[PDB]
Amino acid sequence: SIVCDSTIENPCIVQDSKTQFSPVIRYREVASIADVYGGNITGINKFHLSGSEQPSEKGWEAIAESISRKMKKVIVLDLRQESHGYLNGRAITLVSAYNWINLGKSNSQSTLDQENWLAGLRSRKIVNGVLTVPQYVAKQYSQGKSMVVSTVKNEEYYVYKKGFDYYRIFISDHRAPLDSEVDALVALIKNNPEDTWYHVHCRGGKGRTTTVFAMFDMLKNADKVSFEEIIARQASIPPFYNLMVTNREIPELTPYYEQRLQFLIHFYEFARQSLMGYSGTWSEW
């Protein structure tokens, strides 16, 4: 064996949930923008759209209860390209630098690599080297804990138990979606009833989820609401993620945030033209 070092050759097992019982800390519902935002709220209040970070086992119960109270088919939209799953009910990720373990891979290969990784853990009596986020950030690669394996599960296990559907859109962390994934999101929305509830999530519940919320908003409203107002209103509810802000916590990620913003500007124009009569796909546009 080898202690991890955050390279694609020797990636780290990082536990995202403090425990299997940890609460959801970036849960929000897009429709609440209508109750909070002081600008243009046209077209917001009828969305059936919630989002979060990656839940713990118990977190899925909280999300299901939140959705039930608001309520229709529910689709959980996992935006994560990177391999992830659960070890004894705790959310875990296979982490290389900038959380890009599956960067450049086909979606097929990303799934195969995840399921092979999880199968390897599942076959062990004990898993070693499980880092917390603070330990990973501090590069304390050899200070991870061991866990006696009770269960190793993918997200689908928990989502299906709640009677929800699962659909994966493979977006690299900190980046814009690729054209295939944009087409897949637009089609998913078109191909399900207008009343469908989507619970959207990524790893941290920040950039990817907010990007997708903005895309949903543009697809419905870009012909009547300005780009500026869409982005600002999506920033008005917790966690207050403003897609305009491209200088964030990690300076080395600025290029990707900038490219994501340019994507959003182009998607806005596509969405507006689609509401004005353009019948083709994003890739064709």
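Start at 1 and count along the sequence shown; that's the residue number.
Going from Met71 to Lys72, you skip over 4 to 9 residues of the deposited sequence that the entry leaves unmodelled. Higher mean CA B-factor, judged across 166-174 and 144-152 from the recorded values: 144-152. Annotation for 221-229 versus 255-263: the higher mean temperature factor (C-alpha) is found in 221-229. The maximum CA B-factor among the listed residues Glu29, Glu57, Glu249, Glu53, taken from the PDB record, is found at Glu249. Across the options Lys105, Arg124, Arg203, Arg90, the residue with the most elevated CA B-factor in the record is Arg124.
In the deposited entry, the Cα temperature factor of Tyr136 places it in the highest third of its chain's modelled residues. In the PDB entry, a CA B factor belonging to the lowest third of its chain's modelled residues is recorded for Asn242.
The deposited CA B-factor of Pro193 belongs to the highest third of values across its chain. Per-chain ranking of the deposited C-alpha B factor places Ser236 in the middle third.
Ranked by Cα temperature factor within the chain, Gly120 sits in the middle third according to the deposited record.
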